[PDB]
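Here's a solo chain for you in structure tokens, the form deposited without N-methyl-1H-indole-7-carboxamide.
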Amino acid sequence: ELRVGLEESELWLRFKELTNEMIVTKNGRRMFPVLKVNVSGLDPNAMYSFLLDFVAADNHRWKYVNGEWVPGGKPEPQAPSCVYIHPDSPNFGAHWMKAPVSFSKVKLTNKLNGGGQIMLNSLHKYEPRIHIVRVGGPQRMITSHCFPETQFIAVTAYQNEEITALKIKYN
């Protein structure tokens, strides 16, 4: 059975309980914390690519109002984010299972850009999600996993200084 787990969930939970925020820039900003995933139950010899995308957790614009995040009242449908391919892709099960799969090179942007960078809507709430795609083999297969622990609001600058402080404390 394919098992997918979150490395350093303790740290993600500190950020989540304060409402996590991730900086987006026109050029694209790397994430802190980094999404790291423990994976077991892959065929060491089978071929897989690791994909990352960001689900709009709700259809609302959020705003920091008197030290608290509150949603607008005018939802719009949220077009899904683009997919980031882990640069080790494609690779053997053994490669993916020898150490946590670490998405340290994904960059979050607010502007449609060349490639690499994933465009998010500023002040929308996102839930990171991976797809483990079995490639090359006869039978293509996809397994998807969500990480509620790693939810955040995309911001152009931090609103909650509690978040600013946690980021610096642990980077």
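Each residue number is its position in the shown sequence, starting from 1.
Keep in mind that the form solved in complex with N-methyl-1H-indole-7-carboxamide is not shown, yet the notes after this line are about it.
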{"item": "Close approach of residue 108 to N-methyl-1H-indole-7-carboxamide in the deposited complex, 4.5 Å, heavy atom", "value": "no"}
{"item": "Exercise: residue 94 in contact with N-methyl-1H-indole-7-carboxamide in the deposited complex, heavy atom 4.5 Å", "value": "no"}
{"item": "4.5 angstroms heavy atom contact with N-methyl-1H-indole-7-carboxamide in the deposited complex for residue 99", "value": "no"}
{"item": "Close approach of residue 119 to N-methyl-1H-indole-7-carboxamide in the deposited complex, 4.5 Å, heavy atom", "value": "yes"}
{"item": "Contacts with N-methyl-1H-indole-7-carboxamide in the deposited complex, stretch 62-96 (heavy atom within 4.5 Å)", "value": "77, 78, 79, 80, 81"}
